[PDB]
């Protein structure tokens, strides 16, 4: 008998006969309260009653239904969530019906730590990950960058080893928004945990793919950060064709990202004993000033630091 907290015929717990036996325990804020919240009548009612059943550790079906109301009033109350999990195991509740419950509440408020942790506890208990990728995909369809959703997704995939169709899902979301940095992060999570980036064919496939994206949307920083991220590993100087290939986009696709990437390639060439040390250094230093004074002034302090640092290092 779940009388909805939003139902027009919802009645306070103090006006409920099946609760008339128990006294509500009010909150002890002290004689001189600080950051004291002027609770609503409903909030106050539900919590005074929650305190009562918790204090007496009453593991009843009535207590279980009440935590649902206390959770709906404040889904961030981790104490209530704990007791709810306590009652889920005591009353031996159908955990699949609880998955239905958590699916709904997460749909309602997806930016909450407690709801996702609770869903993970249920999936662990049932050792059943079959609804996960699909549920998460529905949340990502509403907010493709929800941090908890992506975190839960990484957990399910790693825990249950569900890697097989993720790179395809990544390609899907990248088509929807090639600027979704969460998806670029997922791309790396999948590849590094499956094939890895040492497989030259993968690396080639990834660099080529990324370059095509850069060509299409030159000012998309995610594609640039991903390019830097997968090569930066072994050292950008280790790839002699790259500098050339980027220097070509100098007129057509030349955002301050192309400029900054060139300085990065140069920094690594210097540290890696390249030909024309004096020359290469001057090019890098020249770009640092163009960036500091002109192309990327918001980061002037950074680019000057890079300039100074490069000088001290490779004079």
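Numbering follows the first chain given and starts at 1.
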Looking at the deposited entry, does 56-64 or 252-260 carry the larger mean Cα B-factor?
252-260
Comparing 195-203 with 150-158, the one whose average Cα B-factor in the PDB entry is higher
195-203
According to the deposited entry, which of 100, 112, 232, 222 has the largest Cα B-factor?
232
On the chain's distribution of Cα B-factors, residue 182 falls within the third called lowest
Within-chain third of residue 70 by Cα B-factor, per the entry
lowest
Could you say whether, by C-alpha temperature factor, residue 96 belongs to the lowest, middle or highest third of its chain?
middle
Can you work out whether the C-alpha temperature factor of residue 36 puts it in the lowest, middle or highest third of the chain?
lowest
Record-listed C-alpha B factor of residue 166: chain third
middle
